[PDB]
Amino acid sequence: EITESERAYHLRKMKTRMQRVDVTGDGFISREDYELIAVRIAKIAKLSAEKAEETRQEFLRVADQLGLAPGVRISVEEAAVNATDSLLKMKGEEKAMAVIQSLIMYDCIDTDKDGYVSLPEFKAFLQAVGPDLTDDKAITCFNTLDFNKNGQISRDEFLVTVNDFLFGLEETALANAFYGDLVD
């Protein structure tokens, strides 16, 4: 049984994630706000029409889980609850499907398609999805996710962080860094 403090921490993580969707900072998000992220992803990666649409479709699939139904506008904390409720219910192969979105993003960073990403690659991608993010924030994020301190992050290393952020009930440095400083 998930404890009150584990639920508190997971929701805190999810609210931090959802606040990234809230591009005007009004405390509310919608389906098209989520699609905007996929559009920014396609632009920086220079995705083909087909790959760009696959990226959009995956974001829409996740939007459904987040309660970002067509036409609705919901609070960042309501979306966070939907995220926590959905993610913590998942078992086995469901959890593999849950990281597909992040693996699509990793491919977009990984310009050589070799299963490694450098700081320049990572920073360019992160500041495209989040142009409000300072160089300090982007580089801090890279440095932490580079947990083996090789100056590059492997696909498997990235997946460790994604899993810990999405499913972790206990606090870690990686989960505390993936979406920047966690929000109240």
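Residue numbers run from 1 along the displayed sequence.
The PDB entry reports B-factors from which the mean C-alpha value can be compared for 40 to 48 and 122 to 130; the larger average falls on 40 to 48. Legend: mean Cα B-factor per stretch from the PDB entry, 147 to 155 versus 65 to 73; the higher mean is in 65 to 73. Per the deposited record, the Cα B-factor of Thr16 falls in the lowest third when ranked against the other modelled residues of its chain. Annotation for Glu6: C-alpha temperature factor in the lowest third relative to the rest of the modelled chain, per the entry. Per-chain ranking of the deposited C-alpha B factor places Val99 in the middle third. In this PDB entry, the Cα temperature factor of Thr111 sits in the top third of its chain's modelled residues, the highest group. In this PDB entry, the Cα temperature factor of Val23 sits in the top third of its chain's modelled residues, the highest group.
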